[PDB]
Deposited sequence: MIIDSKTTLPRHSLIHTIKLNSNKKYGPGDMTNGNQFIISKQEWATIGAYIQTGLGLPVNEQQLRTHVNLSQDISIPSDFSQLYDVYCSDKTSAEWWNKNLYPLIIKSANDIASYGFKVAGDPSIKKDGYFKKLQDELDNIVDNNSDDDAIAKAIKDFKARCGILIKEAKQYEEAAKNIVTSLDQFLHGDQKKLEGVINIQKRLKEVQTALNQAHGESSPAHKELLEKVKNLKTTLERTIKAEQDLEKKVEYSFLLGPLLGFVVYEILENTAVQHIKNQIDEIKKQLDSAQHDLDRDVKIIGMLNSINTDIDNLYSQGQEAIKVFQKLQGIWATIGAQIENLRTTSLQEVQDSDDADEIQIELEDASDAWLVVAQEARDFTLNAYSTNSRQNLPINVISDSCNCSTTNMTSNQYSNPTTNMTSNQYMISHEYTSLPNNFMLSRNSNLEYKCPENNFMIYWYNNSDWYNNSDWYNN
């Protein structure tokens, strides 16, 4: 809370980490990635054929499935693959960019009881402007200084390139990869089209259709508003399928909040109504309710993705500027120090910049520490099927 505000204050400081914040959030935001990841787990567990669909929504074998429902299957496989792709190629990059920030910050700022790289640069300046230093100590110091700065510059450039690479993966995620990868934009468009068709055809069949499907939609809107509202996560990220296929996975921590549990109980009530309902209503409400929630999800995947693109272009800009400032320090500034025989301003700047770096490095460490870690089908839901009240009778 305090930490975010401070980072903004420090953002201007020369030799500093710049503005590593997003809104009220650290630039790699724990809550954001945890939530989006929930939508991804849901995606990864989607069912691609009739039998899989029946098993997933827990629909009786004794119940017939109309033929037009079949269009869902094709779009679901893409959505599932999309989820898998995201899992292999995009999410691990975010962890990496966080780890890089922690590494740089701890290098320049120092150990909790230890000297950081900035402390070494400062002492080297002390030796360069000391009039007792002979030429040799100066030649050595200028050399040590330039080399170490060279290392920071090289790492910064690498991180600049990694953030660029994250932006590129997001563009492929949203727009497809010119390969076997279909863009989310197209998945959203396709999902919506199937939604309209199936809702006209099987949404409106009976008063109870309109009622119950609207009730789930109401629940989905309500759950999400709560999700975007619950800004702070204090625990390790896990996922939960307690709310079942009607709503999808949520971050486990969110279970703690009172409103959601009420939702879990209300969802159990809806479940009770459907399991003994007329078959036609029961099948329609399961499938279209779920499909509707998936559509809300994909809307969030697109929206967040465009945001994340803007964010990592920012982080890229941040690393570029850091490298340019150390390259400036190394050459022009260093020459100025030799000519002026004065290092005090640069030194004080390094003290202040060091302090800002611990702050951002600690945020990066906490993120990584609390981040979730670890089409044949369909193994993925099997454990989940085991664990939800939804699937017991």
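In sequence order, the deposited-sequence ranges that have no modelled C-alpha atom: No C-alpha coordinates exist for 1-11, 126-127, 388-450, 470-475.
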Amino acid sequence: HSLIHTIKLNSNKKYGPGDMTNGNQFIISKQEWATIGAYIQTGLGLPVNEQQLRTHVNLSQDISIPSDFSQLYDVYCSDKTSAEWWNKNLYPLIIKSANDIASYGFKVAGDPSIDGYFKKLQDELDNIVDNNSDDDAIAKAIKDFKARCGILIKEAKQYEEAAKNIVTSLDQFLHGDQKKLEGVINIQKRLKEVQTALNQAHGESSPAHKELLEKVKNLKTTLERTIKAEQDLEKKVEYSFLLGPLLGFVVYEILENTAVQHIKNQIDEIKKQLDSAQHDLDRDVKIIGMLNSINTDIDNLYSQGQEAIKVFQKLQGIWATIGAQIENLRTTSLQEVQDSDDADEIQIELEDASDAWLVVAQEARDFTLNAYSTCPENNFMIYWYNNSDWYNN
From here on, numbers count along this sequence of modelled residues.
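field: Of 381-389 and 6-14, the stretch whose C-alpha atoms average the higher B-factor in the entry
entry: In the deposited entry, the stretch with the higher C-alpha B-factor mean is 381-389.
query: Which wins on mean Cα temperature factor, 257-265 or 153-161?
result: So the stretch with the higher mean C-alpha B-factor is 257-265.
- prompt: Among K143, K314, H209, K119, which residue carries the highest C-alpha B-factor recorded in the PDB entry?
  reply: It is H209.
message: For the CA B factor values reported in this entry, which option in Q51, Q41, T35, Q362 has the top one?
response: Reading the PDB entry, the winner on C-alpha B-factor is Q51.
task: Taking the values exactly as deposited, rank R330 by C-alpha B-factor within its chain and report the matching third: lowest, middle or highest.
output: Middle third.
message: Taking only the Cα B-factors deposited for this chain, tell me whether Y104 sits in the lowest, middle or highest third.
response: Its C-alpha B-factor belongs to the lowest third of this chain's values.
task: Check where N24 lands among this chain's C-alpha B-factors and tell me if it's the lowest, middle or highest third.
output: For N24, the deposited C-alpha B-factor lands in the middle third.
field: Assigned third (lowest, middle, highest) for the C-alpha B factor of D355
entry: It belongs to the lowest third of the chain when residues are ordered by C-alpha B-factor.
- request: Name the third of the chain's ranked CA B-factors that contains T368, choosing lowest, middle or highest.
  value: As the PDB entry reports it, the C-alpha B-factor of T368 lands in the lowest third of its chain.
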